[PDB]
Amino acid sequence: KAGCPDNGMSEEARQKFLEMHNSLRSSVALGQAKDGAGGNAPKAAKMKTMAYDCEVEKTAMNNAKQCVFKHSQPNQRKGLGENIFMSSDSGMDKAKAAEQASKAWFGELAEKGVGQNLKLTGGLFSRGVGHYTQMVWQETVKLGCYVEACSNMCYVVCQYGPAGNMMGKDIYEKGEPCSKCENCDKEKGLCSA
């Protein structure tokens, strides 16, 4: 979602990825997101707005173009986190793929649960909610994704800068929406720079 190269990724898909990420981060920040562990995820005091980044898309593309479903190694995406997703519908619309990937990742919260302790402990890290926690990582403010049509799958990779899912760190700071940032609408809960 914007000024990126004509590289096979659709603008519609870029826009959908960013829109979904910010919308879902907002829902969490406002205390509106159901948590499988009980109640809703806690409100966030300074959930940051994401922007789309063409350079992050470039390293996401390096993974997706391989048409093998797997996480890239850290040095193949220096300083970035990563979520991956696949569908058997190889030729599906890329915007539709963006929506499905974003929902599947976010769904870990409702389905597996996270709870009110947002410190990324070894326990939490091992419960398989790492796609969700990366989507709502407070300090992650750059998003870049690529969707590749492969022989047997539609393969989706998003990368995230700076990387989230840092062990021992909080996913986000708890508090009333906007309570710890200036450029923020109390009814949205997202902080801009």
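We call the rigid core whatever largest set of C-alpha positions still superposes within 1.5 Å between the two forms. From 1 onward, residues are counted along the sequence shown.
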After superposing on the rigid core, which of 44-52 and 121-129 has its C-alpha atoms sitting farther from this form in 4 other deposited structures of this protein? 121-129
After superposing on the rigid core, which of 181-189 and 7-15 has its C-alpha atoms sitting farther from this form in 4 other deposited structures of this protein? 181-189
Highest mean C-alpha temperature factor of the two stretches 100-108 and 84-92, which is it? 84-92
Between 161-169 and 120-128, which has the larger average Cα B-factor in the PDB entry? 120-128
Based on the PDB record, which member of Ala37, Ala44, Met50, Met61 exhibits the highest Cα temperature factor? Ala37
Of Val141, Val28, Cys145, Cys150, which one's C-alpha B factor is largest in the deposited record? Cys150
Within-chain third of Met135 by Cα B-factor, per the entry: lowest
By the record's CA B-factor, is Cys154 among the lowest, middle or highest third of residues in the chain? middle
Lowest, middle or highest third: where is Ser10 by C-alpha B factor in its chain? highest
Lowest, middle or highest third: where is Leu18 by C-alpha B factor in its chain? lowest
Comparing against every modelled residue in the chain, figure out the third that the C-alpha B-factor of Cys178 lands in (lowest, middle or highest). middle
